[PDB]
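As structure tokens, the structure follows; a few thoughts come after it.
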Amino acid sequence: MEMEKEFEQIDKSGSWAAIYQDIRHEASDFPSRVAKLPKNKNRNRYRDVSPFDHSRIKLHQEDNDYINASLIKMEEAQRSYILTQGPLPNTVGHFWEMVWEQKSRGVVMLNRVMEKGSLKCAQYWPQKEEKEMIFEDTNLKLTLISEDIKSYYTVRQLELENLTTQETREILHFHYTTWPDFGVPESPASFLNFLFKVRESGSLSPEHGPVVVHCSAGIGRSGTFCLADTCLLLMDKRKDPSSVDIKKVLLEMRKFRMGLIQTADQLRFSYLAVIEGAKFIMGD
């Protein structure tokens, strides 16, 4: 069923909450035992958001290999993503260790550091060229190279140096700065423009490690980003684009991380974004 008609059908009948609860009921449940070990309590932002054991990213250290991050591997679309929580004061060094070890080219940030008057993640990158950051626990240095501030997003060039080997790499930081404190955006136009800027940079492409994408918990806005990207790519690849089933794609992605898409409003917004974005994929 063409999702555009499915969309109007749900909208006229006002059944978004019912559709969303069906997804919640059918979603996978896999163990997350490592996340729940007592030694890892201060590595998790939210008690009820944890990576599954089978898909968690492991840090390359013998001490404690745990970070709240998951590998979402989409086999038909040939895209992979790492979804993670906003870094905590005690995990900013682990976060950049992961970026280094997984060979990522881009980081996608979908929240502001403060929202609703409370801290949603640490200030984990430098704000001034001449004030670099050193992470002593993981032996990395991070420098701000350039910043380009636009109306709906900011793009930063960063240099990450492995101080053990003196290798350096360029990392691109894509920061969507205008998602509202409550609800979802009225139009998907600026979010889609942002997605296309990330694509154009090479950060989603197979010559690099998976993009790292985060919000506060790494499941809501972050899930919207990867769901929209994968659905648009499938509509490009298949003979029959109307065969792409966004609910089935979402359930596939929830095999790799719990809770992706947090509200019925986020589900409706994801439909809207794919419907409007397809009017570039299909040729218009």
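Order determines the names: the first chain of the structure tokens is A, the second B, and so forth; residues in each chain are numbered 1 upward, and ligands are numbered 1 upward as they are shown.
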
request  = Could you find all residues in region 20-96 of chain A that DSSP calls helix (DSSP H, G or I) from the backbone, and write them as a VMD selection string?
outcome  = chain A and resid 20 to 26 34 to 36 38 to 43 53 to 55 92 to 96

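Every protein or nucleic acid residue with an atom no more than 9 Å from residue 187 (chain A), counting only C-alpha atoms and leaving out same-chain residues fewer than 4 positions away, appears here: residues 191, 269, 272 and 273 of chain A.
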
Those same residues, written as a PDB file, in the first residue's frame with N, CA, C and O atoms?
ATOM      1  N   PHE A 191      14.616  19.203   8.162  1.00  0.00           N
ATOM      2  CA  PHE A 191      15.227  17.926   8.556  1.00  0.00           C
ATOM      3  C   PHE A 191      15.729  17.170   7.328  1.00  0.00           C
ATOM      4  O   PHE A 191      16.844  16.636   7.329  1.00  0.00           O
ATOM      5  N   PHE A 269       5.645  11.890  11.988  1.00  0.00           N
ATOM      6  CA  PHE A 269       6.638  12.764  11.375  1.00  0.00           C
ATOM      7  C   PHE A 269       7.559  11.982  10.434  1.00  0.00           C
ATOM      8  O   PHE A 269       7.962  12.491   9.380  1.00  0.00           O
ATOM      9  N   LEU A 272       5.764  11.506   7.229  1.00  0.00           N
ATOM     10  CA  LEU A 272       5.738  12.762   6.481  1.00  0.00           C
ATOM     11  C   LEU A 272       7.066  13.026   5.798  1.00  0.00           C
ATOM     12  O   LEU A 272       7.105  13.500   4.656  1.00  0.00           O
ATOM     13  N   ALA A 273       8.169  12.771   6.505  1.00  0.00           N
ATOM     14  CA  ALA A 273       9.497  13.016   5.953  1.00  0.00           C
ATOM     15  C   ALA A 273       9.792  12.126   4.746  1.00  0.00           C
ATOM     16  O   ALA A 273      10.388  12.580   3.761  1.00  0.00           O
TER      17      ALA A 273
END

query = Quick one: residues within 7 Å of region 10-27 of chain A, only C-alpha atoms counted, chain neighbours fewer than 3 positions away excluded, as a PyMOL selection string?
reply = chain A and resi 6-7+251+254+264

Please save N, CA and C atoms of the selected residues as a PDB file, in the first residue's frame.
ATOM      1  N   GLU A   6      -1.975   5.205   2.926  1.00  0.00           N
ATOM      2  CA  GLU A   6      -1.949   4.729   4.304  1.00  0.00           C
ATOM      3  C   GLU A   6      -1.897   5.899   5.277  1.00  0.00           C
ATOM      4  N   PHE A   7      -1.164   6.955   4.915  1.00  0.00           N
ATOM      5  CA  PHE A   7      -1.018   8.111   5.795  1.00  0.00           C
ATOM      6  C   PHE A   7      -2.344   8.842   5.971  1.00  0.00           C
ATOM      7  N   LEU A 251      10.474  -2.073  12.412  1.00  0.00           N
ATOM      8  CA  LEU A 251      10.620  -3.283  13.213  1.00  0.00           C
ATOM      9  C   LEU A 251      11.953  -3.992  12.962  1.00  0.00           C
ATOM     10  N   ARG A 254      14.501  -2.142  15.018  1.00  0.00           N
ATOM     11  CA  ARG A 254      14.346  -2.454  16.434  1.00  0.00           C
ATOM     12  C   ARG A 254      14.870  -3.834  16.824  1.00  0.00           C
ATOM     13  N   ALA A 264       3.937   8.487  19.095  1.00  0.00           N
ATOM     14  CA  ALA A 264       3.132   8.445  17.875  1.00  0.00           C
ATOM     15  C   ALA A 264       3.365   9.670  17.001  1.00  0.00           C
TER      16      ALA A 264
END

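Candidate residues A:77, A:163, A:69, A:88 were compared for distance to residue 42 (chain A), and the nearest is A:88, using only C-alpha atoms.
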
request  = Determine the nearest neighbour of residue 29 (chain A) from the options A:116, A:239, A:156, A:54, counting only C-alpha atoms.
outcome  = A:54

DSSP strand (DSSP E or B) residues within region 4-223 of chain A, listed as a ChimeraX atom specification = /A:56-58,66-74,79-84,104,106-109,114-115,118-119,133-135,140-149,153-162,167-176,209,211-214

task = Mind checking which residues fall within 8 Å of residue 195 (chain A), counting only C-alpha atoms, ignoring those fewer than 3 positions away in the same chain, and posting them as number ranges by chain?
result = A: 191-192, 198-199, 225, 229

Next, the residues of the selection above should be written as a PDB file, in the first residue's frame with N, CA and C atoms.
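Below you can see out.pdb, which holds the result:
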ATOM      1  N   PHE A 191      14.616  19.203   8.162  1.00  0.00           N
ATOM      2  CA  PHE A 191      15.227  17.926   8.556  1.00  0.00           C
ATOM      3  C   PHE A 191      15.729  17.170   7.328  1.00  0.00           C
ATOM      4  N   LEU A 192      14.939  17.163   6.257  1.00  0.00           N
ATOM      5  CA  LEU A 192      15.377  16.535   5.001  1.00  0.00           C
ATOM      6  C   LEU A 192      16.557  17.273   4.384  1.00  0.00           C
ATOM      7  N   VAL A 198      24.233  15.691   5.182  1.00  0.00           N
ATOM      8  CA  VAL A 198      25.036  14.603   5.715  1.00  0.00           C
ATOM      9  C   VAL A 198      25.423  13.644   4.588  1.00  0.00           C
ATOM     10  N   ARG A 199      24.451  13.258   3.764  1.00  0.00           N
ATOM     11  CA  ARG A 199      24.731  12.352   2.635  1.00  0.00           C
ATOM     12  C   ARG A 199      25.815  12.910   1.729  1.00  0.00           C
ATOM     13  N   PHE A 225      15.962   9.807  12.111  1.00  0.00           N
ATOM     14  CA  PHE A 225      17.008  10.066  11.120  1.00  0.00           C
ATOM     15  C   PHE A 225      17.337   8.805  10.310  1.00  0.00           C
ATOM     16  N   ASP A 229      16.291   7.918   6.281  1.00  0.00           N
ATOM     17  CA  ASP A 229      17.376   7.655   5.337  1.00  0.00           C
ATOM     18  C   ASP A 229      17.227   6.279   4.677  1.00  0.00           C
TER      19      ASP A 229
END

key: For CA of residue 133 (chain A) and CA of residue 100 (chain A), the interatomic separation in Å (one decimal)   =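 Result for CA of residue 133 (chain A) versus CA of residue 100 (chain A): 15.2 Å, one decimal.
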
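Using only C-alpha atoms, the residues found no farther than 9 Å from residue 160 (chain A), other than those of its own chain fewer than 4 positions away, are residues 96, 100, 140, 141, 142, 143, 167, 168, 169, 170 and 171 of chain A.
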
task = Using only C-alpha atoms, determine which residues lie at most 7 Å from residue 81 (chain A), disregarding the query and same-chain residues fewer than 4 positions distant; provide the list as a PyMOL selection string.
result = chain A and resi 71-73+210-212

query = Which residues, written as a list in words, have at least one atom at most 9 Å from residue 30 (chain A), with only C-alpha atoms counted and residues fewer than 3 positions away on the same chain left out?
reply = residues 52, 53, 54, 255, 256 and 258 of chain A

File of the preceding selection, C-alpha atoms, as an mmCIF file, in the first residue's frame:
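Result written to result35.cif:
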data_model
loop_
_atom_site.group_PDB
_atom_site.id
_atom_site.type_symbol
_atom_site.label_atom_id
_atom_site.label_comp_id
_atom_site.auth_asym_id
_atom_site.auth_seq_id
_atom_site.Cartn_x
_atom_site.Cartn_y
_atom_site.Cartn_z
ATOM 1 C CA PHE A 52 21.248 -5.282 23.337
ATOM 2 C CA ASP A 53 24.220 -7.578 23.968
ATOM 3 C CA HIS A 54 24.187 -9.012 20.439
ATOM 4 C CA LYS A 255 16.051 -5.876 16.214
ATOM 5 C CA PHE A 256 19.304 -3.896 16.795
ATOM 6 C CA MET A 258 15.229 -0.892 21.611
#

task = Please measure the separation of CA of residue 178 (chain A) and CA of residue 284 (chain A), giving the value in Å to one decimal.
result = 26.6 Å

key: Pick from A:82, A:59, A:213, A:74, whichever lies nearest to residue 108 (chain A) using only C-alpha atoms   =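 The closest residue to residue 108 (chain A) is A:213.
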
task = Record the distance separating CA of residue 257 (chain A) and CA of residue 277 (chain A), expressed in Å with one decimal.
result =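 That distance, rounded to one decimal, is 24.8 Å.
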